[PDB]
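To be precise, the following lines are work29.txt, and they hold compact mmCIF, N, CA and C atoms and all ligand atoms.
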```txt
# COMPACT_ATOMS: atom_id res chain seq x y z
N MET A 1 7.07 11.76 -9.33
CA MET A 1 6.20 12.98 -9.38
C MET A 1 4.90 12.75 -8.60
N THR A 2 4.94 11.82 -7.64
CA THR A 2 3.77 11.51 -6.82
C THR A 2 3.62 12.52 -5.69
N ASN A 3 2.46 12.49 -5.02
CA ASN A 3 2.19 13.41 -3.92
C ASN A 3 3.21 13.19 -2.80
N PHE A 4 3.96 14.24 -2.47
CA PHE A 4 4.98 14.16 -1.43
C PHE A 4 4.39 14.29 -0.02
N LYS A 5 3.13 14.73 0.07
CA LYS A 5 2.46 14.92 1.35
C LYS A 5 2.27 13.59 2.08
N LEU A 6 2.03 12.54 1.29
CA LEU A 6 1.79 11.20 1.84
C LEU A 6 3.07 10.55 2.36
N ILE A 7 4.23 11.13 2.02
CA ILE A 7 5.52 10.59 2.46
C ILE A 7 5.60 10.60 3.99
N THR A 8 6.23 9.56 4.53
CA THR A 8 6.40 9.41 5.97
C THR A 8 7.59 10.23 6.44
N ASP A 9 7.65 10.47 7.75
CA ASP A 9 8.74 11.26 8.33
C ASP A 9 10.09 10.57 8.12
N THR A 10 10.11 9.24 8.26
CA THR A 10 11.35 8.47 8.10
C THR A 10 11.86 8.62 6.66
N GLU A 11 10.95 8.51 5.70
CA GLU A 11 11.32 8.62 4.29
C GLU A 11 11.95 9.99 4.01
N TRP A 12 11.41 11.03 4.63
CA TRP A 12 11.94 12.38 4.44
C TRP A 12 13.37 12.48 4.99
N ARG A 13 13.61 11.84 6.14
CA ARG A 13 14.93 11.87 6.76
C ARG A 13 15.97 11.18 5.88
N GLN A 14 15.55 10.07 5.27
CA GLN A 14 16.43 9.29 4.38
C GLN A 14 16.30 9.75 2.91
N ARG A 15 15.59 10.86 2.69
CA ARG A 15 15.40 11.41 1.34
C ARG A 15 16.26 12.65 1.11
N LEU A 16 16.34 13.49 2.14
CA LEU A 16 17.08 14.75 2.04
C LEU A 16 17.92 15.03 3.28
N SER A 17 18.67 16.13 3.22
CA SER A 17 19.55 16.54 4.31
C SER A 17 18.75 16.76 5.59
N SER A 18 19.43 16.67 6.73
CA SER A 18 18.77 16.87 8.02
C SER A 18 18.18 18.27 8.09
N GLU A 19 18.92 19.25 7.58
CA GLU A 19 18.45 20.64 7.57
C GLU A 19 17.23 20.78 6.65
N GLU A 20 17.27 20.12 5.50
CA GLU A 20 16.17 20.15 4.54
C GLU A 20 14.89 19.61 5.18
N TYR A 21 15.03 18.57 6.01
CA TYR A 21 13.88 17.93 6.66
C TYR A 21 13.10 18.92 7.54
N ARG A 22 13.79 19.62 8.45
CA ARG A 22 13.12 20.57 9.35
C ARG A 22 12.73 21.86 8.61
N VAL A 23 13.64 22.31 7.76
CA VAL A 23 13.45 23.54 7.00
C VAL A 23 12.24 23.42 6.06
N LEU A 24 12.15 22.30 5.34
CA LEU A 24 11.04 22.07 4.42
C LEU A 24 9.74 21.80 5.17
N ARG A 25 9.85 21.09 6.30
CA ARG A 25 8.67 20.72 7.07
C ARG A 25 7.92 21.92 7.66
N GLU A 26 8.65 22.82 8.34
CA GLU A 26 8.01 23.97 8.99
C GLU A 26 8.76 25.30 8.78
N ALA A 27 9.60 25.38 7.74
CA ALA A 27 10.36 26.62 7.49
C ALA A 27 11.20 26.94 8.74
N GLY A 28 11.94 25.93 9.20
CA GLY A 28 12.78 26.06 10.39
C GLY A 28 13.81 27.17 10.23
N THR A 29 14.44 27.25 9.05
CA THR A 29 15.46 28.28 8.78
C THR A 29 16.04 28.07 7.38
N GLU A 30 17.04 28.89 7.03
CA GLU A 30 17.69 28.78 5.73
C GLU A 30 19.16 29.22 5.85
N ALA A 31 19.91 28.47 6.67
CA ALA A 31 21.32 28.75 6.89
C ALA A 31 22.22 27.87 6.02
N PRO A 32 22.99 28.44 5.10
CA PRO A 32 23.92 27.66 4.22
C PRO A 32 25.12 27.10 4.99
N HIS A 33 26.09 26.56 4.26
CA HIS A 33 27.30 25.97 4.86
C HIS A 33 26.94 24.79 5.77
N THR A 34 25.90 24.04 5.38
CA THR A 34 25.46 22.87 6.13
C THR A 34 25.72 21.56 5.35
N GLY A 35 26.44 21.66 4.22
CA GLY A 35 26.76 20.50 3.41
C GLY A 35 27.98 20.79 2.55
N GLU A 36 28.91 19.84 2.53
CA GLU A 36 30.15 19.98 1.76
C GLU A 36 29.95 19.64 0.27
N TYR A 37 28.93 18.85 -0.01
CA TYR A 37 28.64 18.41 -1.37
C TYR A 37 28.00 19.52 -2.22
N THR A 38 27.45 20.55 -1.57
CA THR A 38 26.82 21.66 -2.29
C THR A 38 27.81 22.31 -3.25
N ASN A 39 27.47 22.29 -4.55
CA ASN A 39 28.33 22.88 -5.58
C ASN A 39 27.51 23.77 -6.51
N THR A 40 27.98 25.00 -6.70
CA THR A 40 27.31 25.96 -7.58
C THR A 40 28.26 26.52 -8.65
N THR A 41 29.34 25.77 -8.94
CA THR A 41 30.33 26.19 -9.93
C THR A 41 29.67 26.36 -11.31
N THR A 42 28.86 25.38 -11.70
CA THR A 42 28.18 25.42 -12.99
C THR A 42 26.86 26.18 -12.86
N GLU A 43 26.52 26.95 -13.90
CA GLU A 43 25.29 27.73 -13.91
C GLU A 43 24.29 27.08 -14.85
N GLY A 44 23.30 26.41 -14.26
CA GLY A 44 22.29 25.72 -15.05
C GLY A 44 20.89 25.92 -14.48
N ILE A 45 20.38 24.86 -13.86
CA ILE A 45 19.02 24.88 -13.31
C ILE A 45 19.03 24.47 -11.84
N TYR A 46 18.34 25.26 -11.03
CA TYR A 46 18.22 24.99 -9.61
C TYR A 46 17.30 23.80 -9.40
N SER A 47 17.59 22.99 -8.38
CA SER A 47 16.75 21.83 -8.09
C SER A 47 16.60 21.59 -6.60
N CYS A 48 15.34 21.50 -6.17
CA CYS A 48 14.99 21.25 -4.78
C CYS A 48 15.62 19.94 -4.34
N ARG A 49 16.37 19.98 -3.24
CA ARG A 49 17.02 18.77 -2.74
C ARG A 49 15.97 17.73 -2.35
N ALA A 50 14.81 18.22 -1.89
CA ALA A 50 13.71 17.36 -1.46
C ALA A 50 13.17 16.46 -2.56
N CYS A 51 12.85 17.04 -3.72
CA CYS A 51 12.29 16.27 -4.84
C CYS A 51 13.17 16.35 -6.09
N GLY A 52 13.75 17.52 -6.33
CA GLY A 52 14.62 17.73 -7.49
C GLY A 52 13.89 18.45 -8.61
N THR A 53 12.91 19.29 -8.25
CA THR A 53 12.14 20.03 -9.24
C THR A 53 12.93 21.22 -9.77
N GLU A 54 12.61 21.66 -10.99
CA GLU A 54 13.30 22.81 -11.59
C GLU A 54 12.71 24.12 -11.04
N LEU A 55 13.01 24.37 -9.78
CA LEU A 55 12.51 25.56 -9.07
C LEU A 55 12.95 26.87 -9.71
N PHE A 56 14.22 26.95 -10.07
CA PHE A 56 14.77 28.16 -10.68
C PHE A 56 15.73 27.80 -11.81
N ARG A 57 15.92 28.75 -12.73
CA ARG A 57 16.80 28.54 -13.88
C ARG A 57 17.62 29.81 -14.12
N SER A 58 18.79 29.63 -14.74
CA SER A 58 19.72 30.74 -14.99
C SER A 58 19.11 31.85 -15.85
N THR A 59 18.06 31.54 -16.61
CA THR A 59 17.43 32.54 -17.48
C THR A 59 17.06 33.81 -16.69
N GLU A 60 16.53 33.62 -15.48
CA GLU A 60 16.12 34.74 -14.63
C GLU A 60 17.04 34.90 -13.41
N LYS A 61 18.22 34.28 -13.46
CA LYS A 61 19.18 34.36 -12.35
C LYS A 61 20.14 35.53 -12.56
N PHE A 62 20.28 36.37 -11.54
CA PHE A 62 21.18 37.52 -11.61
C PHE A 62 22.15 37.53 -10.43
N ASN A 63 23.16 36.65 -10.49
CA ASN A 63 24.17 36.55 -9.43
C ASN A 63 25.22 35.50 -9.78
N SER A 64 26.42 35.66 -9.21
CA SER A 64 27.51 34.71 -9.45
C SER A 64 27.56 33.69 -8.33
N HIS A 65 27.58 34.19 -7.09
CA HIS A 65 27.61 33.33 -5.91
C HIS A 65 27.38 34.17 -4.65
N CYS A 66 26.50 33.68 -3.77
CA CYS A 66 26.19 34.38 -2.52
C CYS A 66 25.35 33.50 -1.61
N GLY A 67 25.47 33.72 -0.30
CA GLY A 67 24.71 32.95 0.68
C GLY A 67 23.20 33.16 0.50
N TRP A 68 22.82 34.42 0.28
CA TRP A 68 21.41 34.78 0.08
C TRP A 68 21.25 35.66 -1.19
N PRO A 69 21.33 35.07 -2.38
CA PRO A 69 21.22 35.83 -3.67
C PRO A 69 19.77 36.10 -4.07
N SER A 70 19.59 37.02 -5.03
CA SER A 70 18.25 37.37 -5.52
C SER A 70 18.07 36.84 -6.94
N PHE A 71 16.82 36.49 -7.28
CA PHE A 71 16.51 35.96 -8.60
C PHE A 71 15.27 36.65 -9.15
N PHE A 72 14.97 36.38 -10.42
CA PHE A 72 13.79 36.94 -11.06
C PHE A 72 12.75 35.82 -11.22
N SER A 73 11.75 36.00 -12.09
CA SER A 73 10.70 34.99 -12.28
C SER A 73 11.29 33.57 -12.44
N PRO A 74 10.73 32.54 -11.78
CA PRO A 74 11.24 31.13 -11.89
C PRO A 74 10.90 30.52 -13.25
N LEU A 75 11.39 29.29 -13.51
CA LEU A 75 11.15 28.59 -14.79
C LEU A 75 9.77 28.91 -15.37
N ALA A 76 8.71 28.54 -14.64
CA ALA A 76 7.35 28.79 -15.11
C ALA A 76 6.33 28.92 -13.96
N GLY A 77 6.81 28.85 -12.71
CA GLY A 77 5.92 28.94 -11.55
C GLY A 77 5.20 27.61 -11.29
N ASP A 78 5.50 26.60 -12.11
CA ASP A 78 4.90 25.28 -11.97
C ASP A 78 5.67 24.45 -10.96
N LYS A 79 6.96 24.77 -10.79
CA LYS A 79 7.81 24.04 -9.86
C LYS A 79 7.85 24.75 -8.49
N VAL A 80 7.36 26.00 -8.45
CA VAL A 80 7.31 26.77 -7.20
C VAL A 80 5.98 27.52 -7.08
N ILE A 81 5.53 27.72 -5.84
CA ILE A 81 4.29 28.45 -5.59
C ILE A 81 4.56 29.65 -4.67
N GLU A 82 4.03 30.81 -5.07
CA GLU A 82 4.20 32.05 -4.30
C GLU A 82 2.88 32.39 -3.61
N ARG A 83 2.93 32.55 -2.29
CA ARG A 83 1.73 32.88 -1.51
C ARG A 83 2.07 33.95 -0.48
N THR A 84 1.07 34.75 -0.10
CA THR A 84 1.28 35.82 0.88
C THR A 84 0.73 35.42 2.25
N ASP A 85 1.38 35.93 3.30
CA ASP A 85 0.97 35.63 4.68
C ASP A 85 0.71 36.91 5.46
N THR A 86 -0.54 37.10 5.89
CA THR A 86 -0.92 38.28 6.65
C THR A 86 -0.62 38.05 8.13
N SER A 87 0.67 38.03 8.43
CA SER A 87 1.14 37.83 9.81
C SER A 87 0.73 39.00 10.70
N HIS A 88 0.76 40.21 10.13
CA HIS A 88 0.40 41.42 10.86
C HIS A 88 -0.22 42.44 9.88
N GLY A 89 -0.14 43.74 10.19
CA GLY A 89 -0.70 44.77 9.30
C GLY A 89 -0.10 44.67 7.90
N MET A 90 1.10 44.08 7.80
CA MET A 90 1.78 43.91 6.52
C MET A 90 1.90 42.42 6.20
N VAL A 91 1.95 42.09 4.90
CA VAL A 91 2.04 40.69 4.47
C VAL A 91 3.39 40.42 3.79
N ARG A 92 3.76 39.14 3.73
CA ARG A 92 5.01 38.74 3.09
C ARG A 92 4.74 37.58 2.15
N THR A 93 5.39 37.59 0.98
CA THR A 93 5.19 36.52 0.01
C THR A 93 6.20 35.41 0.24
N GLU A 94 5.71 34.28 0.75
CA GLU A 94 6.56 33.13 1.01
C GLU A 94 6.69 32.29 -0.25
N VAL A 95 7.90 31.81 -0.48
CA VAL A 95 8.19 30.99 -1.65
C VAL A 95 8.22 29.53 -1.24
N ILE A 96 7.39 28.72 -1.90
CA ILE A 96 7.31 27.30 -1.62
C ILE A 96 7.48 26.51 -2.91
N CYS A 97 7.85 25.25 -2.76
CA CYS A 97 8.03 24.36 -3.90
C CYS A 97 6.67 23.79 -4.28
N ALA A 98 6.37 23.79 -5.57
CA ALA A 98 5.07 23.29 -6.05
C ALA A 98 4.85 21.83 -5.66
N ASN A 99 5.94 21.10 -5.39
CA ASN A 99 5.84 19.69 -5.03
C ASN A 99 5.98 19.46 -3.52
N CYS A 100 6.62 20.41 -2.81
CA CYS A 100 6.79 20.28 -1.37
C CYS A 100 6.73 21.65 -0.69
N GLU A 101 6.50 21.65 0.62
CA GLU A 101 6.38 22.90 1.37
C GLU A 101 7.75 23.54 1.61
N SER A 102 8.36 24.03 0.53
CA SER A 102 9.66 24.68 0.62
C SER A 102 9.48 26.14 1.01
N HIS A 103 8.76 26.35 2.11
CA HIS A 103 8.51 27.71 2.65
C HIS A 103 9.75 28.27 3.36
N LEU A 104 10.93 27.73 3.03
CA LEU A 104 12.18 28.16 3.62
C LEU A 104 12.63 29.52 3.07
N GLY A 105 12.14 29.88 1.88
CA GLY A 105 12.51 31.14 1.25
C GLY A 105 11.31 32.06 1.06
N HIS A 106 11.62 33.33 0.80
CA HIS A 106 10.60 34.36 0.58
C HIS A 106 10.98 35.22 -0.62
N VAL A 107 9.98 35.87 -1.22
CA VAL A 107 10.21 36.73 -2.38
C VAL A 107 9.59 38.11 -2.13
N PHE A 108 10.32 39.15 -2.53
CA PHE A 108 9.85 40.53 -2.34
C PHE A 108 9.58 41.23 -3.67
N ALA A 109 8.47 41.96 -3.72
CA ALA A 109 8.08 42.69 -4.93
C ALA A 109 8.34 44.19 -4.75
N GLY A 110 8.46 44.90 -5.87
CA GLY A 110 8.71 46.35 -5.83
C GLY A 110 10.15 46.65 -5.42
N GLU A 111 11.06 45.72 -5.73
CA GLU A 111 12.48 45.89 -5.38
C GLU A 111 13.15 46.95 -6.27
N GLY A 112 12.64 47.12 -7.49
CA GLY A 112 13.19 48.11 -8.42
C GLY A 112 14.40 47.59 -9.19
N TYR A 113 14.38 46.30 -9.54
CA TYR A 113 15.48 45.69 -10.30
C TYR A 113 15.28 45.83 -11.81
N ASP A 114 14.34 46.68 -12.22
CA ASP A 114 14.08 46.91 -13.64
C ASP A 114 13.77 45.60 -14.38
N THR A 115 12.80 44.85 -13.84
CA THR A 115 12.38 43.59 -14.44
C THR A 115 10.86 43.54 -14.59
N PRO A 116 10.34 42.68 -15.46
CA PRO A 116 8.87 42.55 -15.69
C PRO A 116 8.12 42.10 -14.44
N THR A 117 8.81 41.39 -13.55
CA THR A 117 8.20 40.91 -12.31
C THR A 117 8.64 41.76 -11.11
N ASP A 118 9.84 42.34 -11.21
CA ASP A 118 10.38 43.17 -10.14
C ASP A 118 10.34 42.42 -8.80
N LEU A 119 10.74 41.15 -8.85
CA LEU A 119 10.75 40.29 -7.67
C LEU A 119 12.17 40.02 -7.18
N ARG A 120 12.29 39.81 -5.87
CA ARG A 120 13.57 39.53 -5.24
C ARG A 120 13.46 38.23 -4.43
N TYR A 121 13.57 37.10 -5.13
CA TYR A 121 13.48 35.79 -4.49
C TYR A 121 14.75 35.51 -3.70
N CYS A 122 14.62 35.25 -2.40
CA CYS A 122 15.78 34.93 -1.57
C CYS A 122 15.70 33.47 -1.12
N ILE A 123 16.22 32.58 -1.96
CA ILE A 123 16.22 31.14 -1.68
C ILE A 123 17.66 30.61 -1.88
N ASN A 124 17.82 29.29 -2.13
CA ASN A 124 19.15 28.71 -2.36
C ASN A 124 20.10 29.01 -1.20
N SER A 125 19.61 28.80 0.03
CA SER A 125 20.41 29.08 1.22
C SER A 125 20.58 27.86 2.14
N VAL A 126 19.88 26.74 1.87
CA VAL A 126 20.00 25.55 2.73
C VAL A 126 20.50 24.30 1.96
N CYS A 127 21.55 24.48 1.15
CA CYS A 127 22.14 23.37 0.39
C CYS A 127 21.18 22.82 -0.68
N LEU A 128 20.83 23.68 -1.64
CA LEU A 128 19.93 23.29 -2.73
C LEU A 128 20.79 22.65 -3.82
N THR A 129 20.18 21.78 -4.63
CA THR A 129 20.92 21.05 -5.67
C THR A 129 20.98 21.83 -6.98
N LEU A 130 22.19 21.94 -7.53
CA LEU A 130 22.41 22.65 -8.79
C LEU A 130 22.55 21.66 -9.93
N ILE A 131 21.78 21.90 -10.99
CA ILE A 131 21.80 21.05 -12.17
C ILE A 131 22.70 21.70 -13.24
N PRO A 132 23.80 21.07 -13.65
CA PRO A 132 24.71 21.64 -14.68
C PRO A 132 24.08 21.53 -16.06
N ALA A 133 23.55 22.65 -16.54
CA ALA A 133 22.89 22.69 -17.84
C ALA A 133 23.84 22.29 -18.96
N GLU A 134 25.05 22.86 -18.96
CA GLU A 134 26.05 22.56 -19.99
C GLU A 134 27.36 23.29 -19.70
N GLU A 135 27.35 24.63 -19.86
CA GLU A 135 28.53 25.45 -19.62
C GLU A 135 29.74 24.89 -20.37
N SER A 136 29.53 24.60 -21.65
CA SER A 136 30.58 24.06 -22.51
C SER A 136 31.37 25.19 -23.17
ZN ZN B 201 10.70 20.57 -3.71
```
Show me, as structure tokens, the structure contained in the file I just sent.
Ligand SMILES: [Zn+2]
Amino acid sequence: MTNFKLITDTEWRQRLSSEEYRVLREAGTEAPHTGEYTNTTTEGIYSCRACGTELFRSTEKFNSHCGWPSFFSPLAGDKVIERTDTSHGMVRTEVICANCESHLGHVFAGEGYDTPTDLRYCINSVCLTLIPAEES
């Protein structure tokens, strides 16, 4: 749970997937089907491949399986940070990992999903790690 910013480039390469390295570093992209080990059969807790934080949990998850699915409020917002970017006359809320710059995903508000947050998080697209809660 140490500061990931101090990590060297080599450590990052030998820490996570090649796609995760560029994607996490500068939000290079978020294209799935880049890893055969990626498994989402069990529905538990989402975990950043970079560190393994509980970014998202099934409690606010509304989907079975999809390349770019939508979610509701994360575990507690402690594992992820939401910030807006005034790129132009309009701004966008980028989703990042509280432990690393996981600016690979974005979240939209006012989607109308009849939820307390009414957010549409579009992440879990670059081979994110799934934690099997139980599903017994
Ligand atoms: Zn992370």
*Pick the closest to residue 95 in chain A from A:80, A:55, A:66, A:109: which is it, counting all atoms listed in the file?*
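Closest candidate: A:80.
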*Between A:13, A:25, A:106, A:61, which is the closest to ligand ZN 201 (chain B) once you count only C-alpha atoms and all ligand atoms?*
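Closest to ligand ZN 201 (chain B), using only C-alpha atoms and all ligand atoms: A:25.
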Proximity check chain A to ligand ZN 201 (chain B), 7 Å, nearest pairs one decimal Å, all atoms listed in the file, as JSON lines:
```
{"residue": "A:47", "atom": "C", "partner": "B:ZN201", "partner_atom": "ZN", "distance": 6.6}
{"residue": "A:48", "atom": "CA", "partner": "B:ZN201", "partner_atom": "ZN", "distance": 4.5}
{"residue": "A:49", "atom": "N", "partner": "B:ZN201", "partner_atom": "ZN", "distance": 5.7}
{"residue": "A:50", "atom": "C", "partner": "B:ZN201", "partner_atom": "ZN", "distance": 4.9}
{"residue": "A:51", "atom": "N", "partner": "B:ZN201", "partner_atom": "ZN", "distance": 4.1}
{"residue": "A:52", "atom": "N", "partner": "B:ZN201", "partner_atom": "ZN", "distance": 5.0}
{"residue": "A:53", "atom": "N", "partner": "B:ZN201", "partner_atom": "ZN", "distance": 5.2}
{"residue": "A:79", "atom": "C", "partner": "B:ZN201", "partner_atom": "ZN", "distance": 7.0}
{"residue": "A:96", "atom": "C", "partner": "B:ZN201", "partner_atom": "ZN", "distance": 6.8}
{"residue": "A:97", "atom": "CA", "partner": "B:ZN201", "partner_atom": "ZN", "distance": 4.6}
{"residue": "A:98", "atom": "N", "partner": "B:ZN201", "partner_atom": "ZN", "distance": 5.7}
{"residue": "A:99", "atom": "C", "partner": "B:ZN201", "partner_atom": "ZN", "distance": 4.9}
{"residue": "A:100", "atom": "N", "partner": "B:ZN201", "partner_atom": "ZN", "distance": 4.2}
{"residue": "A:101", "atom": "N", "partner": "B:ZN201", "partner_atom": "ZN", "distance": 6.1}
{"residue": "A:102", "atom": "N", "partner": "B:ZN201", "partner_atom": "ZN", "distance": 6.0}
```
_I'd like the neighbourhood of residue 28 in chain A as a ChimeraX atom specification, where a residue qualifies if any of its atoms comes within 10 Å (using only C-alpha atoms), though same-chain residues fewer than 4 positions away should be ignored._
/A:19-24,103-104
*Between A:133, A:6, A:76, A:127, which has the minimum distance to residue 37 in chain A (counting all atoms listed in the file)?*
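Under the stated criterion, the closest residue is A:127.
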*In Å, rounded to a single decimal, give me how far atom C of residue 26 in chain A is from atom C of residue 7 in chain A.*
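Atom-to-atom, atom C of residue 7 in chain A to atom C of residue 26 in chain A, that is 15.8 Å.
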*d(CA of residue 112 in chain A, CA of residue 62 in chain A) in Å*: 13.6 Å
*If you measure from CA of residue 124 in chain A to CA of residue 68 in chain A, what distance in Å do you get, rounded to one decimal?*
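Taking CA of residue 124 in chain A and CA of residue 68 in chain A, their separation equals 6.9 Å.
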*When DSSP works through the backbone of this structure, what residues of chain A end up as alpha helix (DSSP H), shown as a PyMOL selection string?*
chain A and resi 9-13+18-26
Take the selection from the previous step and output its residues with N, CA and C atoms, as a PDB file, in the coordinates of the input.
```pdb
ATOM      1  N   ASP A   9       7.650  10.470   7.750  1.00  0.00           N
ATOM      2  CA  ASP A   9       8.740  11.260   8.330  1.00  0.00           C
ATOM      3  C   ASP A   9      10.090  10.570   8.120  1.00  0.00           C
ATOM      4  N   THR A  10      10.110   9.240   8.260  1.00  0.00           N
ATOM      5  CA  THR A  10      11.350   8.470   8.100  1.00  0.00           C
ATOM      6  C   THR A  10      11.860   8.620   6.660  1.00  0.00           C
ATOM      7  N   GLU A  11      10.950   8.510   5.700  1.00  0.00           N
ATOM      8  CA  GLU A  11      11.320   8.620   4.290  1.00  0.00           C
ATOM      9  C   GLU A  11      11.950   9.990   4.010  1.00  0.00           C
ATOM     10  N   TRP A  12      11.410  11.030   4.630  1.00  0.00           N
ATOM     11  CA  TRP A  12      11.940  12.380   4.440  1.00  0.00           C
ATOM     12  C   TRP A  12      13.370  12.480   4.990  1.00  0.00           C
ATOM     13  N   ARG A  13      13.610  11.840   6.140  1.00  0.00           N
ATOM     14  CA  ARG A  13      14.930  11.870   6.760  1.00  0.00           C
ATOM     15  C   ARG A  13      15.970  11.180   5.880  1.00  0.00           C
ATOM     16  N   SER A  18      19.430  16.670   6.730  1.00  0.00           N
ATOM     17  CA  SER A  18      18.770  16.870   8.020  1.00  0.00           C
ATOM     18  C   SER A  18      18.180  18.270   8.090  1.00  0.00           C
ATOM     19  N   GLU A  19      18.920  19.250   7.580  1.00  0.00           N
ATOM     20  CA  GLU A  19      18.450  20.640   7.570  1.00  0.00           C
ATOM     21  C   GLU A  19      17.230  20.780   6.650  1.00  0.00           C
ATOM     22  N   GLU A  20      17.270  20.120   5.500  1.00  0.00           N
ATOM     23  CA  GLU A  20      16.170  20.150   4.540  1.00  0.00           C
ATOM     24  C   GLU A  20      14.890  19.610   5.180  1.00  0.00           C
ATOM     25  N   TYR A  21      15.030  18.570   6.010  1.00  0.00           N
ATOM     26  CA  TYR A  21      13.880  17.930   6.660  1.00  0.00           C
ATOM     27  C   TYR A  21      13.100  18.920   7.540  1.00  0.00           C
ATOM     28  N   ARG A  22      13.790  19.620   8.450  1.00  0.00           N
ATOM     29  CA  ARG A  22      13.120  20.570   9.350  1.00  0.00           C
ATOM     30  C   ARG A  22      12.730  21.860   8.610  1.00  0.00           C
ATOM     31  N   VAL A  23      13.640  22.310   7.760  1.00  0.00           N
ATOM     32  CA  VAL A  23      13.450  23.540   7.000  1.00  0.00           C
ATOM     33  C   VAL A  23      12.240  23.420   6.060  1.00  0.00           C
ATOM     34  N   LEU A  24      12.150  22.300   5.340  1.00  0.00           N
ATOM     35  CA  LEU A  24      11.040  22.070   4.420  1.00  0.00           C
ATOM     36  C   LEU A  24       9.740  21.800   5.170  1.00  0.00           C
ATOM     37  N   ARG A  25       9.850  21.090   6.300  1.00  0.00           N
ATOM     38  CA  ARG A  25       8.670  20.720   7.070  1.00  0.00           C
ATOM     39  C   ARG A  25       7.920  21.920   7.660  1.00  0.00           C
ATOM     40  N   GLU A  26       8.650  22.820   8.340  1.00  0.00           N
ATOM     41  CA  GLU A  26       8.010  23.970   8.990  1.00  0.00           C
ATOM     42  C   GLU A  26       8.760  25.300   8.780  1.00  0.00           C
TER      43      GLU A  26
END
```
*Determine which residues of range 5-130 of chain A receive a DSSP assignment of strand (DSSP E or B), computed from the backbone, and state them as a list in words.*
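Of range 5-130 of chain A, the ones in strand (DSSP E or B) are residues 45, 46, 47, 57, 61, 71, 80, 81, 82, 83, 84, 85, 92, 93, 94, 95, 96, 97, 105, 106, 107, 108, 109, 119, 120, 121, 122, 129 and 130 of chain A.
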_Exercise: residues within 8 Å of coordinate (11.0, 34.2, -11.2), counting only N, CA and C atoms, as a ChimeraX atom specification_ = /A:55-57,60-61,71-77,117,119-121
*Quick one: everything within 8 Å of residue 135 in chain A, counting all atoms listed in the file, minus sequence neighbours fewer than 3 positions away in the same chain. Send it as a ChimeraX atom specification.*
/A:42-44,132
Residues as selected, N, CA and C atoms, written as a short mmCIF file (atom, residue, chain, number, x, y, z; two decimals), in the frame of the given file, can you do that?
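Listed below is the output, out_18.cif:
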```cif
data_model
loop_
_atom_site.label_atom_id
_atom_site.label_comp_id
_atom_site.auth_asym_id
_atom_site.auth_seq_id
_atom_site.Cartn_x
_atom_site.Cartn_y
_atom_site.Cartn_z
N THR A 42 28.86 25.38 -11.70
CA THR A 42 28.18 25.42 -12.99
C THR A 42 26.86 26.18 -12.86
N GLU A 43 26.52 26.95 -13.90
CA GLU A 43 25.29 27.73 -13.91
C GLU A 43 24.29 27.08 -14.85
N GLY A 44 23.30 26.41 -14.26
CA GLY A 44 22.29 25.72 -15.05
C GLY A 44 20.89 25.92 -14.48
N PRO A 132 23.80 21.07 -13.65
CA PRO A 132 24.71 21.64 -14.68
C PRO A 132 24.08 21.53 -16.06
#
```
Mind completing range 98-106 of chain A with N, CA, C and O atoms? Output as a PDB file, in the coordinates of the input, please?
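Dumped everything to out02.pdb:
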```pdb
ATOM      1  N   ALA A  98       6.370  23.790  -5.570  1.00  0.00           N
ATOM      2  CA  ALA A  98       5.070  23.290  -6.050  1.00  0.00           C
ATOM      3  C   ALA A  98       4.850  21.830  -5.660  1.00  0.00           C
ATOM      4  O   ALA A  98       3.705  21.368  -5.624  1.00  0.00           O
ATOM      5  N   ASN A  99       5.940  21.100  -5.390  1.00  0.00           N
ATOM      6  CA  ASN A  99       5.840  19.690  -5.030  1.00  0.00           C
ATOM      7  C   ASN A  99       5.980  19.460  -3.520  1.00  0.00           C
ATOM      8  O   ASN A  99       5.492  18.455  -2.999  1.00  0.00           O
ATOM      9  N   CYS A 100       6.620  20.410  -2.810  1.00  0.00           N
ATOM     10  CA  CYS A 100       6.790  20.280  -1.370  1.00  0.00           C
ATOM     11  C   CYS A 100       6.730  21.650  -0.690  1.00  0.00           C
ATOM     12  O   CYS A 100       6.853  22.678  -1.336  1.00  0.00           O
ATOM     13  N   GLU A 101       6.500  21.650   0.620  1.00  0.00           N
ATOM     14  CA  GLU A 101       6.380  22.900   1.370  1.00  0.00           C
ATOM     15  C   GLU A 101       7.750  23.540   1.610  1.00  0.00           C
ATOM     16  O   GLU A 101       8.240  23.612   2.744  1.00  0.00           O
ATOM     17  N   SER A 102       8.360  24.030   0.530  1.00  0.00           N
ATOM     18  CA  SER A 102       9.660  24.680   0.620  1.00  0.00           C
ATOM     19  C   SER A 102       9.480  26.140   1.010  1.00  0.00           C
ATOM     20  O   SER A 102       9.996  27.052   0.355  1.00  0.00           O
ATOM     21  N   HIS A 103       8.760  26.350   2.110  1.00  0.00           N
ATOM     22  CA  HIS A 103       8.510  27.710   2.650  1.00  0.00           C
ATOM     23  C   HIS A 103       9.750  28.270   3.360  1.00  0.00           C
ATOM     24  O   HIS A 103       9.644  29.170   4.200  1.00  0.00           O
ATOM     25  N   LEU A 104      10.930  27.730   3.030  1.00  0.00           N
ATOM     26  CA  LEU A 104      12.180  28.160   3.620  1.00  0.00           C
ATOM     27  C   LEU A 104      12.630  29.520   3.070  1.00  0.00           C
ATOM     28  O   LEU A 104      13.431  30.212   3.711  1.00  0.00           O
ATOM     29  N   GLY A 105      12.140  29.880   1.880  1.00  0.00           N
ATOM     30  CA  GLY A 105      12.510  31.140   1.250  1.00  0.00           C
ATOM     31  C   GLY A 105      11.310  32.060   1.060  1.00  0.00           C
ATOM     32  O   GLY A 105      10.163  31.633   1.135  1.00  0.00           O
ATOM     33  N   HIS A 106      11.620  33.330   0.800  1.00  0.00           N
ATOM     34  CA  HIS A 106      10.600  34.360   0.580  1.00  0.00           C
ATOM     35  C   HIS A 106      10.980  35.220  -0.620  1.00  0.00           C
ATOM     36  O   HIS A 106      12.151  35.298  -0.981  1.00  0.00           O
TER      37      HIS A 106
END
```
